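Have a look at work.tsv below; it lists TSV, C-alpha atoms.
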```
chain	number	residue	atom	x	y	z
J	30	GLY	CA	0.00	0.00	0.00
J	31	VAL	CA	1.47	3.33	-1.13
J	32	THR	CA	0.51	6.77	0.20
J	33	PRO	CA	-3.27	7.34	0.46
J	34	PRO	CA	-4.31	10.86	-0.50
J	35	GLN	CA	-5.21	13.39	2.10
J	36	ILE	CA	-9.02	13.77	1.96
J	37	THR	CA	-11.14	16.48	3.51
J	38	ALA	CA	-14.13	14.48	4.78
J	39	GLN	CA	-15.40	13.05	8.00
J	40	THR	CA	-15.73	9.59	6.51
J	41	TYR	CA	-15.04	7.99	3.14
J	42	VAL	CA	-14.35	4.80	1.35
J	43	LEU	CA	-12.98	3.90	-2.07
J	44	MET	CA	-13.63	0.38	-3.39
J	45	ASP	CA	-13.13	-1.57	-6.61
J	46	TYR	CA	-16.58	-2.52	-7.92
J	47	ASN	CA	-15.42	-5.80	-9.37
J	48	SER	CA	-13.45	-7.33	-6.56
J	49	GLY	CA	-15.01	-5.50	-3.61
J	50	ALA	CA	-11.64	-4.55	-2.18
J	51	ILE	CA	-11.37	-1.33	-0.15
J	52	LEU	CA	-8.42	0.59	-1.61
J	53	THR	CA	-8.44	3.32	1.09
J	54	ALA	CA	-10.88	4.42	3.91
J	55	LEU	CA	-11.47	6.71	6.92
J	56	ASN	CA	-14.15	5.57	9.48
J	57	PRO	CA	-15.84	3.48	6.85
J	58	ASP	CA	-18.28	1.95	9.43
J	59	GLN	CA	-18.95	5.13	11.40
J	60	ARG	CA	-22.70	5.98	11.33
J	61	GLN	CA	-23.74	9.04	9.35
J	62	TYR	CA	-27.02	10.74	8.41
J	63	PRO	CA	-27.52	9.57	4.83
J	64	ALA	CA	-29.63	12.57	3.72
J	65	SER	CA	-30.40	12.13	0.00
J	66	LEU	CA	-28.12	9.00	-0.40
J	67	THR	CA	-31.24	7.36	1.15
J	68	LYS	CA	-32.77	7.70	-2.34
J	69	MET	CA	-30.32	5.12	-3.69
J	70	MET	CA	-32.09	2.41	-1.56
J	71	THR	CA	-35.50	3.81	-2.62
J	72	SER	CA	-34.49	3.50	-6.29
J	73	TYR	CA	-33.10	0.02	-5.57
J	74	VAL	CA	-36.67	-1.06	-4.35
J	75	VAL	CA	-38.28	0.65	-7.38
J	76	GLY	CA	-35.78	-0.87	-9.77
J	77	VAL	CA	-36.23	-4.41	-8.45
J	78	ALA	CA	-40.02	-3.99	-8.54
J	79	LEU	CA	-39.74	-2.95	-12.25
J	80	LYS	CA	-37.35	-5.81	-12.90
J	81	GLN	CA	-39.74	-8.37	-11.37
J	82	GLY	CA	-42.77	-7.03	-13.30
J	83	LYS	CA	-44.61	-5.97	-10.13
J	84	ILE	CA	-44.92	-2.44	-11.44
J	85	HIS	CA	-44.38	-1.01	-14.91
J	86	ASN	CA	-42.80	2.23	-16.03
J	87	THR	CA	-46.09	3.04	-17.72
J	88	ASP	CA	-48.05	2.88	-14.48
J	89	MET	CA	-49.88	6.23	-14.08
J	90	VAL	CA	-49.80	7.18	-10.44
J	91	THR	CA	-52.34	9.67	-8.93
J	92	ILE	CA	-50.86	12.50	-6.98
J	93	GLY	CA	-52.95	13.26	-3.83
J	94	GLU	CA	-52.12	15.36	-0.77
J	95	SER	CA	-49.16	13.22	0.59
J	96	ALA	CA	-47.21	13.16	-2.71
J	97	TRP	CA	-48.04	16.84	-3.44
J	98	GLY	CA	-45.01	19.11	-4.00
J	99	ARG	CA	-46.51	21.49	-1.43
J	100	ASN	CA	-45.52	19.21	1.43
J	101	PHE	CA	-41.83	19.56	0.63
J	102	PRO	CA	-41.48	23.30	0.87
J	103	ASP	CA	-37.70	23.79	1.63
J	104	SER	CA	-36.29	20.57	0.04
J	105	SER	CA	-35.76	18.95	-3.28
J	106	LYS	CA	-38.65	18.06	-5.40
J	107	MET	CA	-39.90	17.30	-8.80
J	108	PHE	CA	-42.97	19.65	-8.43
J	109	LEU	CA	-45.84	17.07	-8.45
J	110	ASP	CA	-49.22	18.89	-8.57
J	111	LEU	CA	-52.27	17.72	-6.65
J	112	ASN	CA	-54.70	15.65	-8.66
J	113	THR	CA	-52.49	14.86	-11.60
J	114	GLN	CA	-51.47	11.50	-12.94
J	115	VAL	CA	-47.69	10.77	-13.37
J	116	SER	CA	-45.85	7.77	-14.81
J	117	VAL	CA	-43.58	5.57	-12.75
J	118	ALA	CA	-40.79	6.39	-15.35
J	119	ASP	CA	-41.09	10.12	-14.55
J	120	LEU	CA	-41.29	9.53	-10.89
J	121	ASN	CA	-38.23	7.30	-10.76
J	122	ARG	CA	-36.27	9.61	-13.09
J	123	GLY	CA	-37.22	12.41	-10.71
J	124	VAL	CA	-36.00	10.54	-7.62
J	125	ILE	CA	-32.79	9.46	-9.41
J	126	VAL	CA	-31.80	12.74	-11.32
J	127	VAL	CA	-33.13	15.44	-8.98
J	128	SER	CA	-33.77	13.72	-5.67
J	129	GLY	CA	-37.51	14.61	-5.81
J	130	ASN	CA	-38.94	14.19	-2.25
J	131	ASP	CA	-42.51	14.30	-3.52
J	132	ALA	CA	-41.58	11.68	-6.13
J	133	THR	CA	-40.31	9.28	-3.52
J	134	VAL	CA	-43.55	9.42	-1.47
J	135	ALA	CA	-45.53	8.96	-4.66
J	136	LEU	CA	-43.46	5.83	-5.51
J	137	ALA	CA	-43.42	4.40	-2.02
J	138	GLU	CA	-47.27	4.57	-1.92
J	139	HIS	CA	-47.67	3.16	-5.39
J	140	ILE	CA	-45.41	0.14	-4.62
J	141	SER	CA	-46.28	-0.51	-1.00
J	142	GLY	CA	-49.69	1.15	-0.47
J	143	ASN	CA	-48.22	3.36	2.17
J	144	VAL	CA	-44.80	4.79	3.28
J	145	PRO	CA	-44.10	2.88	6.52
J	146	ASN	CA	-44.59	-0.41	4.65
J	147	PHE	CA	-42.32	0.66	1.76
J	148	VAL	CA	-39.62	1.66	4.15
J	149	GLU	CA	-39.70	-1.91	5.49
J	150	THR	CA	-38.78	-3.26	2.06
J	151	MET	CA	-35.85	-0.83	2.13
J	152	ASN	CA	-34.84	-2.43	5.39
J	153	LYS	CA	-35.43	-5.89	3.95
J	154	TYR	CA	-32.66	-5.10	1.41
J	155	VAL	CA	-30.45	-3.69	4.14
J	156	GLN	CA	-30.47	-7.29	5.63
J	157	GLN	CA	-30.27	-8.96	2.40
J	158	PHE	CA	-27.15	-6.87	1.35
J	159	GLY	CA	-25.48	-7.77	4.66
J	160	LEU	CA	-25.15	-4.28	6.14
J	161	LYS	CA	-24.53	-3.65	9.75
J	162	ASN	CA	-24.61	0.09	9.96
J	163	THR	CA	-27.63	1.17	8.01
J	164	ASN	CA	-31.26	1.82	9.01
J	165	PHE	CA	-33.94	3.70	7.07
J	166	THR	CA	-37.03	5.41	8.45
J	167	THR	CA	-38.13	7.31	5.26
J	168	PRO	CA	-37.97	6.94	1.54
J	169	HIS	CA	-36.27	10.36	1.13
J	170	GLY	CA	-33.63	10.74	3.85
J	171	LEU	CA	-34.96	13.63	5.93
J	172	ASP	CA	-32.78	13.60	8.97
J	173	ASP	CA	-33.79	11.46	11.91
J	174	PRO	CA	-31.43	10.08	14.54
J	175	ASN	CA	-32.81	6.55	13.93
J	176	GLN	CA	-31.90	6.81	10.29
J	177	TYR	CA	-28.20	6.29	9.43
J	178	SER	CA	-25.83	4.61	7.08
J	179	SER	CA	-22.10	4.52	6.56
J	180	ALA	CA	-19.56	5.06	3.76
J	181	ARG	CA	-19.00	1.32	3.32
J	182	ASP	CA	-22.76	0.46	3.44
J	183	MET	CA	-23.42	3.16	0.82
J	184	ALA	CA	-20.61	1.74	-1.34
J	185	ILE	CA	-22.25	-1.68	-1.01
J	186	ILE	CA	-25.68	-0.24	-1.92
J	187	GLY	CA	-24.35	1.59	-4.96
J	188	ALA	CA	-22.59	-1.61	-6.19
J	189	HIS	CA	-25.91	-3.48	-6.02
J	190	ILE	CA	-27.61	-0.85	-8.08
J	191	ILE	CA	-24.86	-0.97	-10.67
J	192	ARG	CA	-24.71	-4.78	-10.54
J	193	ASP	CA	-28.51	-5.74	-10.12
J	194	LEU	CA	-30.09	-2.82	-12.04
J	195	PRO	CA	-27.89	-1.93	-15.08
J	196	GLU	CA	-30.79	-0.46	-16.99
J	197	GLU	CA	-31.86	1.74	-14.07
J	198	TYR	CA	-28.20	2.78	-13.32
J	199	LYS	CA	-27.98	4.49	-16.73
J	200	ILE	CA	-30.46	7.05	-15.48
J	201	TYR	CA	-27.92	8.18	-12.88
J	202	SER	CA	-25.75	9.87	-15.51
J	203	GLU	CA	-28.65	11.96	-16.96
J	204	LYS	CA	-27.48	15.60	-16.50
J	205	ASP	CA	-30.93	17.25	-16.03
J	206	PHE	CA	-34.65	16.41	-16.03
J	207	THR	CA	-37.56	18.46	-17.08
J	208	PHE	CA	-41.05	17.97	-15.62
J	209	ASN	CA	-44.10	20.11	-15.12
J	210	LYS	CA	-42.18	22.76	-17.12
J	211	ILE	CA	-39.38	22.95	-14.52
J	212	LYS	CA	-35.88	21.89	-15.67
J	213	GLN	CA	-33.49	20.91	-12.92
J	214	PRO	CA	-29.90	19.58	-13.12
J	215	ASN	CA	-28.32	16.43	-11.73
J	216	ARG	CA	-26.31	17.77	-8.78
J	217	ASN	CA	-23.31	15.39	-9.31
J	218	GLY	CA	-20.96	17.98	-11.00
J	219	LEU	CA	-18.52	15.13	-11.89
J	220	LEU	CA	-20.78	14.13	-14.73
J	221	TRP	CA	-19.61	17.23	-16.59
J	222	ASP	CA	-15.92	16.38	-16.00
J	223	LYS	CA	-14.53	15.27	-19.39
J	224	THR	CA	-11.21	14.22	-17.88
J	225	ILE	CA	-12.67	11.23	-15.85
J	226	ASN	CA	-15.57	8.90	-16.76
J	227	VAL	CA	-17.97	9.43	-13.83
J	228	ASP	CA	-21.39	7.95	-14.46
J	229	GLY	CA	-22.96	8.04	-10.97
J	230	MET	CA	-24.23	8.22	-8.40
J	231	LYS	CA	-25.93	10.42	-5.84
J	232	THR	CA	-25.44	13.55	-3.73
J	233	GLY	CA	-26.72	14.67	-0.36
J	234	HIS	CA	-26.21	17.11	2.51
J	235	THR	CA	-27.18	17.20	6.16
J	236	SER	CA	-26.66	19.89	8.78
J	237	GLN	CA	-25.39	17.09	11.13
J	238	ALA	CA	-22.12	16.70	9.21
J	239	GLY	CA	-21.80	18.43	5.84
J	240	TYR	CA	-22.06	17.27	2.21
J	241	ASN	CA	-21.83	13.77	0.82
J	242	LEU	CA	-21.55	12.07	-2.52
J	243	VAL	CA	-21.41	8.59	-3.92
J	244	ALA	CA	-19.53	8.47	-7.21
J	245	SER	CA	-18.54	5.74	-9.53
J	246	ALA	CA	-16.16	5.96	-12.57
J	247	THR	CA	-14.73	3.55	-15.12
J	248	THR	CA	-11.68	3.14	-17.26
J	249	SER	CA	-11.33	2.07	-20.90
J	250	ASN	CA	-10.22	-1.28	-19.54
J	251	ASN	CA	-13.40	-1.51	-17.54
J	252	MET	CA	-11.85	-1.04	-14.18
J	253	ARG	CA	-14.75	0.37	-12.04
J	254	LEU	CA	-14.41	2.22	-8.80
J	255	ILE	CA	-16.93	3.60	-6.37
J	256	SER	CA	-16.14	6.33	-3.87
J	257	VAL	CA	-18.11	7.65	-0.95
J	258	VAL	CA	-17.35	10.79	1.04
J	259	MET	CA	-19.40	11.99	3.96
J	260	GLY	CA	-19.31	15.11	6.10
J	261	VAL	CA	-17.43	17.27	3.53
J	262	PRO	CA	-17.56	21.04	4.45
J	263	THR	CA	-18.47	22.39	0.98
J	264	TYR	CA	-20.52	21.19	-1.92
J	265	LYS	CA	-17.78	21.91	-4.39
J	266	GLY	CA	-15.27	20.23	-2.02
J	267	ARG	CA	-17.17	16.95	-2.26
J	268	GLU	CA	-16.61	16.61	-5.98
J	269	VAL	CA	-12.94	17.55	-5.57
J	270	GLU	CA	-12.25	14.99	-2.77
J	271	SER	CA	-14.13	12.35	-4.73
J	272	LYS	CA	-12.15	12.98	-7.90
J	273	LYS	CA	-9.03	12.81	-5.72
J	274	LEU	CA	-10.01	9.30	-4.48
J	275	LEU	CA	-10.94	8.07	-7.90
J	276	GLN	CA	-7.71	9.33	-9.67
J	277	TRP	CA	-5.51	7.97	-6.92
J	278	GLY	CA	-7.36	4.73	-7.42
J	279	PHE	CA	-7.01	4.56	-11.21
J	280	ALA	CA	-3.38	5.88	-10.91
J	281	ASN	CA	-2.22	3.31	-8.43
J	282	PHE	CA	-4.09	0.03	-8.71
J	283	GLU	CA	-5.49	-2.32	-11.24
J	284	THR	CA	-7.98	-5.12	-11.20
J	285	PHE	CA	-7.96	-8.38	-13.03
J	286	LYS	CA	-9.98	-11.51	-13.34
J	287	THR	CA	-8.27	-14.51	-11.75
J	288	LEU	CA	-11.14	-16.97	-12.29
J	289	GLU	CA	-13.75	-17.44	-14.98
J	290	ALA	CA	-17.16	-19.02	-14.11
J	291	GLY	CA	-17.49	-22.63	-15.16
J	292	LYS	CA	-13.91	-22.94	-16.41
J	293	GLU	CA	-11.85	-26.05	-15.49
J	294	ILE	CA	-8.50	-24.85	-14.38
J	295	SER	CA	-7.00	-28.03	-12.94
J	296	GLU	CA	-7.25	-31.81	-12.69
J	297	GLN	CA	-6.86	-33.54	-9.36
J	298	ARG	CA	-6.49	-37.23	-8.48
J	299	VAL	CA	-9.46	-38.77	-6.59
J	300	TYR	CA	-9.33	-41.89	-4.31
J	301	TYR	CA	-11.88	-44.66	-4.46
J	302	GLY	CA	-14.59	-43.31	-6.86
J	303	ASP	CA	-16.04	-43.69	-10.38
J	304	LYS	CA	-13.18	-41.85	-12.06
J	305	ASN	CA	-9.51	-41.51	-11.31
J	306	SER	CA	-9.38	-37.70	-11.37
J	307	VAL	CA	-11.62	-34.62	-11.18
J	308	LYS	CA	-11.59	-31.15	-12.70
J	309	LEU	CA	-11.32	-28.20	-10.36
J	310	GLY	CA	-12.27	-24.54	-10.90
J	311	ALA	CA	-14.93	-21.97	-9.84
J	312	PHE	CA	-18.57	-21.61	-10.84
J	313	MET	CA	-18.26	-17.78	-10.57
J	314	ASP	CA	-15.84	-15.12	-11.86
J	315	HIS	CA	-13.31	-13.75	-9.41
J	316	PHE	CA	-11.28	-10.52	-9.50
J	317	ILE	CA	-8.48	-9.14	-7.50
J	318	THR	CA	-7.08	-5.71	-7.03
J	319	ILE	CA	-3.26	-5.21	-6.91
J	320	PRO	CA	-0.73	-2.38	-7.26
J	321	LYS	CA	-0.73	-1.22	-10.87
J	322	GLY	CA	1.91	-2.82	-13.05
J	323	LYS	CA	2.18	-5.95	-10.76
J	324	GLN	CA	0.05	-8.52	-12.56
J	325	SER	CA	3.10	-10.57	-13.79
J	326	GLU	CA	4.43	-10.99	-10.34
J	327	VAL	CA	1.27	-12.48	-8.77
J	328	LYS	CA	1.54	-16.23	-8.04
J	329	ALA	CA	-1.41	-18.56	-7.44
J	330	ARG	CA	-1.43	-21.77	-5.47
J	331	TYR	CA	-3.83	-24.29	-3.92
J	332	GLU	CA	-4.63	-25.31	-0.38
J	333	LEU	CA	-6.82	-28.26	-0.77
J	334	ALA	CA	-8.58	-28.63	2.53
J	335	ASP	CA	-7.49	-32.27	2.65
J	336	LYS	CA	-4.32	-33.84	1.35
J	337	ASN	CA	-5.97	-35.85	-1.37
J	338	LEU	CA	-9.53	-36.04	-2.54
J	339	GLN	CA	-11.75	-38.96	-1.72
J	340	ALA	CA	-15.07	-39.85	-3.46
J	341	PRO	CA	-18.04	-39.22	-3.28
J	342	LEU	CA	-17.57	-35.71	-4.72
J	343	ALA	CA	-20.51	-33.31	-5.55
J	344	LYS	CA	-20.38	-30.80	-8.45
J	345	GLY	CA	-19.90	-27.30	-6.91
J	346	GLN	CA	-18.32	-28.70	-3.79
J	347	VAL	CA	-15.71	-26.50	-2.15
J	348	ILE	CA	-12.61	-28.58	-1.54
J	349	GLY	CA	-10.07	-25.77	-1.03
J	350	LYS	CA	-8.78	-22.33	-1.92
J	351	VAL	CA	-6.69	-20.57	-4.54
J	352	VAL	CA	-4.26	-18.31	-2.79
J	353	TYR	CA	-2.66	-15.29	-4.54
J	354	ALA	CA	0.75	-14.01	-3.46
J	355	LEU	CA	2.68	-10.95	-4.49
J	356	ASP	CA	6.25	-10.38	-3.39
J	357	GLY	CA	5.94	-13.05	-0.70
J	358	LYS	CA	2.64	-12.02	0.85
J	359	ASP	CA	-0.78	-13.52	0.49
J	360	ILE	CA	-2.88	-10.83	-0.92
J	361	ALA	CA	-6.16	-12.46	-1.97
J	362	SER	CA	-7.85	-15.89	-2.07
J	363	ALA	CA	-10.99	-17.56	-3.46
J	364	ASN	CA	-12.74	-20.90	-3.21
J	365	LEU	CA	-11.88	-23.82	-5.45
J	366	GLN	CA	-14.61	-26.23	-6.35
J	367	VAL	CA	-15.13	-29.62	-7.83
J	368	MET	CA	-16.59	-29.12	-11.35
J	369	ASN	CA	-18.10	-32.55	-12.06
J	370	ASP	CA	-19.79	-35.17	-9.78
J	371	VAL	CA	-17.63	-38.16	-8.59
J	372	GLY	CA	-19.68	-40.92	-6.99
J	373	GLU	CA	-19.06	-44.26	-5.30
```

Any chance you could put this one into structure tokens?
Amino acid sequence: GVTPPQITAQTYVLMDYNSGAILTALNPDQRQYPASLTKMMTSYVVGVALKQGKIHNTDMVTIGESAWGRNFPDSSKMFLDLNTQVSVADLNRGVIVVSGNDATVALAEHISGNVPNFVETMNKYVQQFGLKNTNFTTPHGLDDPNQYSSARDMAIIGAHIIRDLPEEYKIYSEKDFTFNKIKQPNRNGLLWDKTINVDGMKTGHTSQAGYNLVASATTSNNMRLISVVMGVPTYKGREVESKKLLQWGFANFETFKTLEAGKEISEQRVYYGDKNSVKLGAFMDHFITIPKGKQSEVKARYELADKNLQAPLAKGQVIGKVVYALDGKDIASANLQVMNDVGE
């Protein structure tokens, strides 16, 4: 690990999307008011519901007094007027591009019938993503001391959007959105930065800490990073510190695939079964992140759990580990599985 940059932020994390490794961090698990990053979870619920066919972008949703722009007087909004009908596509675009508070209530009610129930789906996914430092009480992120997240949990949430909802994630790089004759911009300034390929994700601010932003950027070789900064003093500062994390990341590290799903990488002798050997590999891709330039020098080896393999063997069975070393230290590992059944 070389020198991490000096970052003006209460909390932050930088992480390779593909391998999940944290390249640098400060209080990654410290609890923070998520403010509008809450809308990332809200859009996750909406995007899964669209993906599963439980709602359709063409659903026309009726705006009544609880979704009405008037109830969000000093906060971001898409300007939904009472007694109009609005498509789920517009609503979701409005949550995603301009953090519309009125749009999130409208969606929560359309999907879950009311807001407390919708919020519970948000918390379902909190469990299902494996997060330990997040809890939502709203679909919009209005501050509440029972509502919190962390830099690492928000990195995990943004990876799931990018990974589970590729079609929805595209909306996150739209630069503005017009609705009800009002045009408002995406607030992630990094989308205008031609010198880096930022294509997400979401901004926020809370008087408890400062300004926050979740950004993700790619390289021509498909390296993808995700940064999160929280409690930054200035709203311009948050784009600067983020760009600092990302560029340090792309400057200093690289990511490569060490295993391909389904591929047989090895043959191993088996004792007492229907064949004399068995193919080993992994049923999923695997990726590691190393200092840039160092791919040549990485060395893989096995650690079967047992000395030799004895039948019966089940396809998919984990019988050991591939261990990756660089310059004499073990940097990264991954399961090794049996690829075909061996009975008897």

Who sits within 6 Å of residue 114 (chain J), all atoms listed in the file, same chain under 5 positions skipped, as a ChimeraX atom specification: /J:89-91

| message | Using only C-alpha atoms for the distances, tell me which of J:326, J:297, J:103, J:113 is nearest to residue 348 (chain J). | response |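 That would be J:297, the residue with the smallest distance to residue 348 (chain J).
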
TODO: Write out as an NGL selection string which residues come within 12 Å of residue 51 (chain J) when counting all atoms listed in the file, dropping same-chain ones fewer than 2 positions away.
DONE: :J and (30 or 33 or 41-49 or 53-55 or 57 or 180-181 or 184-185 or 254-257 or 274 or 278 or 282 or 317-319)

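The nearest approach to residue 212 (chain J) among the residues J:285, J:165, J:108, J:147, with all atoms listed in the file taken into account, belongs to J:108.
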
Task: Point-to-point distance from CA of residue 138 (chain J) to CA of residue 211 (chain J), Å rounded to tenths - done: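 Calculated distance between CA of residue 138 (chain J) and CA of residue 211 (chain J) is 23.6 Å.
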
Quick one: residues within 12 Å of residue 182 (chain J), only C-alpha atoms counted, chain neighbours fewer than 4 positions away excluded, as a VMD selection string? chain J and resid 40 to 44 56 to 61 63 66 to 67 69 to 70 154 to 156 158 to 164 177 to 178 186 to 189 243 255 to 258

| Quick one: distance from CA of residue 109 (chain J) to CA of residue 218 (chain J) in Å, one decimal? |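 Separation between CA of residue 109 (chain J) and CA of residue 218 (chain J): 25.0 Å.
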
Q: Kindly extract all protein, DNA and RNA residues lying within 12 Å of the coordinates (-52.8, 16.7, -2.8) given in the file, considering only C-alpha atoms, and supply them as a ChimeraX atom specification.
A: /J:91-101,108-114,131,134-135
